[PDB]
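Input: a single structure, listed below in C-alpha cells.
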Amino acid sequence: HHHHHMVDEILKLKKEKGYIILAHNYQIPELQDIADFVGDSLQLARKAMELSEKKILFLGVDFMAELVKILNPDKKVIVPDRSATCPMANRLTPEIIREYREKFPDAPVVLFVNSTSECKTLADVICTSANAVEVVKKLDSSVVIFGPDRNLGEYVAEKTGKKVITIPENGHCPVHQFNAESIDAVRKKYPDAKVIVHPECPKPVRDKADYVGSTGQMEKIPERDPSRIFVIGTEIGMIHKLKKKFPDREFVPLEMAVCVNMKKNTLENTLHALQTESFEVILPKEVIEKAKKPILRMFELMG
Ligand code: SF4
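Laid out in C-alpha cells, this is it:
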C-alpha cells in the first residue's frame, strides 16, 4: 500500500518513544487505523484517567487534548496540528458564564467538553454528548446553565424535564445541522433502515430518528438492534468506525458532513509529530488544578 512508509514509521516511532496514540472517531480512517485507542469524547476522557504510558499522542481537537493533559499533568501530551479546535467554543467566554451565574443565582454551570480549558475552570461539571442527560438529571437543581451547544442543552431539557439556559447565543455545531427532509428521503429509500443521529443535531432531526446518541452510543446500537442498514447523522469519520466494527451491516451517511478541524490531522503531520515529539499541550498549573474539579465531578455523577 502506497501509505506504507508513513504507517510503518509511525508504528516504529510510537513503540520506540513510548507513546500511546488516542484518536477521536472523527479522525480520518488512516489515522484511526494507526491509533491504539479510538473512541468518543467520554471514552477518551475515561481512557485518559486509566492509561499508564508516559507520553500520549492525541488525535482530535485541542479542547479534548487539553482535557487529557488536565487528567495527566505530569505526562507529555502532543498533537500534530496545534490549530485543530472546535469553533463552537470561542463564543463562550468567562464573562458570559459570570453574567449568567448572576442572572440565575444558584443554577449550576454545566459545560460540554468542547469548551476552552479556561471556561472549564469556571464550570460546576463537565459533560459530553453521551452523559449530558445523566449528569443534569442527577444534579440537585431544576435549572442549569449549559453551553456551548444549544441543541445538546435543549435535548437535555427534554430528557430531564429541567430548565436549561443555553450560552452563548445560538451556539451550535455546523457539522450536525442536517435537515430532517434527509430522514424523510432515506425512509422512502430504505424503509427498514434504522436512523441514528447525534444529539448536536437540531430537534426536528432528533425527533425523526430511531436513536439519538453520542458516537460511542452509536457504536453500541448494533449490539442490540439487528437491523441490516443504519443511517448515520454525524460526522463522516464515524462511518469508517462503524463499518470496521460491524462489517456485516450497511452504514449510510444521512448527509456528507465533514469537520474541517478534525481533518487537520494527517498521516504526514502525525509522522512529523512522532519524529519531533511536538506539539506539546501545555497549560498553566492553576488551570489544571481548577479545571480538574468539574471533570472529576462528571465521573462522580455517573458512578
Ligand atoms: S464536529 Fe462539531 S462539535 Fe465536534 S469538533 Fe467539529 S465543529 Fe466542534
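Heads up, the sequence shown is in this note's numbering, so the first residue is 245 and it goes up one at a time. Think of the CB as a built atom: it goes at the ideal place given N, C-alpha and C, for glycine as much as any other residue.
Collapsed DSSP secondary structure at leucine 366 in the structure displayed: coil
Which listed residue (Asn513, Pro443 and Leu366) has its alpha carbon closest to that of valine 400: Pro443
Contact check, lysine 534 vs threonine 365, beta carbons under 8 Å: yes
The ligand SF4 heavy atom lying under 7 Å from the CB of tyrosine 270: yes
Separation of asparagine 505 from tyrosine 344, as counted between CA atoms: 29 Å
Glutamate 444 CB to nearest heavy atom of the ligand SF4 below 7 Å: yes
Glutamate 274 and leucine 527 closer than 8 Å at C-beta: Against a cut-off of 8 Å, the Cβ pair of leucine 527 and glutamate 274 comes out as no contact.
Contact test: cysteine 503 Cβ vs the ligand SF4 heavy atom, cutoff 7 Å: Within the cutoff, so yes.
Under 8 Å between C-beta atoms of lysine 320 and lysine 299: yes
Start-end ranges of the alpha helix (DSSP H) lying completely within the region 261-314, minimum 4 residues: 273-276 and 285-294
Boundaries (first-last residue) of the beta strand (DSSP E) holding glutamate 444: Note, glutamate 444: premise wrong, no beta strand (DSSP E); not H, not E.
Residue from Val531, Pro324, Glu463 and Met332 whose Cα sits closest to the Cα of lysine 489: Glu463
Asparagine 358 CB to nearest heavy atom of the ligand SF4 below 7 Å: Result yes, Cβ under 7 Å from the ligand SF4.
Start and end residues, beta strand (DSSP E) containing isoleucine 411: Counting along the chain, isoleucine 411 falls outside any beta strand (DSSP E), and DSSP gives it neither H nor E.
Which residues DSSP lists as bridging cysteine 371, in chain order: For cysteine 371, the pairing in a beta bridge is given by DSSP as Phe356.
Element boundaries [beta strand (DSSP E), containing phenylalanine 474]: 473-477
Limits of the unbroken alpha helix (DSSP H) element including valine 400: 394-404
Where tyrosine 434 sits in the DSSP three-state scheme: coil
Whole-angstrom distance between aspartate 451 and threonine 410, CA atom to CA atom: Roughly 20 Å between the two C-alpha positions.
Inter-stretch contact at 8 Å, needing at least 3 Cβ pairs: the region 411-430 / the region 366-373: no
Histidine 246 Cβ short of 7 Å to the ligand SF4 heavy atom set: no
Range of the contiguous alpha helix (DSSP H) that encloses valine 531: 529-546
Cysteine 371 CB to nearest heavy atom of the ligand SF4 below 7 Å: no
Beta strand (DSSP E) segments (min. 3 residues) lying fully within the region 455-508: 473-477 and 494-497
Residue interval of the beta strand (DSSP E) (run including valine 387): Element bounds for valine 387: 387-391.
Under the three-state DSSP convention, the category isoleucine 322 falls into: strand
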